[PDB]
Amino acid sequence: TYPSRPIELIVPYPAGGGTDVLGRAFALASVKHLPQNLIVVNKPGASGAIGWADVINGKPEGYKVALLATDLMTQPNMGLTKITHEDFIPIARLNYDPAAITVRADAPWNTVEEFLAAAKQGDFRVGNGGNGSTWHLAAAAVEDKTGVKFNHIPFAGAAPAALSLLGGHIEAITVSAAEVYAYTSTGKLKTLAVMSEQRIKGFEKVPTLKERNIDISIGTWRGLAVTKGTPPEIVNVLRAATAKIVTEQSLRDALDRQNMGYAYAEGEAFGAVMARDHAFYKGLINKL
Ligand SMILES: [Cl-]
Ligand SMILES: [Cl-]
Ligand SMILES: [Cl-]
């Protein structure tokens, strides 16, 4: 009966970081719900592709689980790997941290519509965490749907971009809502829209872009998958266990400590989101 020996959780991040913490918290929370241990392996490199290859090239027996992340959407579409979401069977999404449009609290704009009408008259500087990464692509996605043209300002990560905005050196940032909450909750920045499917915790008074008729959902995420070809009975054991594991308070606490949003999605739903996002990133990366 599956599982009959330990299961490796292949985490393509170094030990000690947020995703390692998430992976090990998931493993700890799995003790009541799987009769074999989940063992974390840290295999970073090539934006996840060394870890993906370990799972894909492994046997379809259920004893390797990939901790999938956003890079799976961008790397193949940048022509940097042949690996795609279709090499996997999804178990579940765990985490999603949507991008947001955030300005300084004293900005003249009080709605995303006012911000866009102003931006269309100029070359607003929009900070991100690096060229070609999620928050840059988030700003580019806004350009694509609204016709505005920004001056993209990459920094060495999201935190320096937020500090720049706080100092009045740029007009907006499109980094994660999670990264600006410390400032929006304390009146230093204000968020005009979240690029999510639904309103999120801590930002319940802020509209999504989608509800304002701007069709964009983008952000970083973490989920679980096994290699294509894994028997359905095995996939179902993992999906059923994961549905239990995500209700564990210890796992939710770990996500909170790492400032990572909880966003459980069932396997098939996670698969559908990845297919949609793959096509979205393909189109946007090609345009850029
Ligand atoms: Cl991380
Ligand atoms: Cl977020
Ligand atoms: Cl499921």
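We did not get these values from a lab; they are worked out from the coordinates using the rules stated. Note: ideal-geometry Cβ built from the backbone for every residue, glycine included; neighbour counts use all protein chains shown.
What the table below lists for this structure:
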read-out	value
Helices (runs of 4 or more DSSP H) fully within segment 221-288 counting 3 or more residues that are closer than 26 Å to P76 by Cβ	232-245, 267-287
Segment 166-190, residues that are in a strand (DSSP E or B) and closer than 14 Å to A139 by Cα	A172, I173, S176
Search result, residues across segment 17-42 that are over 19 Å from the mean Cα position of the chain (by Cα) and not polar (S, T, N, Q)	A27, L28, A29, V31, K32, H33, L34, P35, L38, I39, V40, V41
Considering residues of segment 1-52 that are under 18 Å from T227 (Cβ atoms) and charged (D, E, K, R) only, the residue surrounded by the most Cβ atoms within 10 Å (Cβ to Cβ)	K43
Segment 45-68, residues that are assigned to a strand (DSSP E or B) and within 18 Å of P232 (Cα to Cα)	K64, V65, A66
Filter result for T242 (crowded, with 21+ Cβ neighbours inside 10 Å, away from ligand 3 (no atom under 16 Å from the Cβ), of a type in the set (V, I, T) and within 30 Å of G62 (Cβ to Cβ))	no
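Listed here are the residues, each with its yes/no results for (1) aromatic (F, W, Y); (2) over 30 Å from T1 (Cα atoms); (3) out of contact with any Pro (no Cβ under 8 Å at 6 or more places or on another chain); (4) surrounded by fewer than 18 Cβ atoms within 10 Å (Cβ to Cβ).
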position	(1), (2), (3), (4)
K205	no, yes, yes, yes
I216	no, yes, yes, no
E248	no, no, yes, no
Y264	yes, no, yes, no
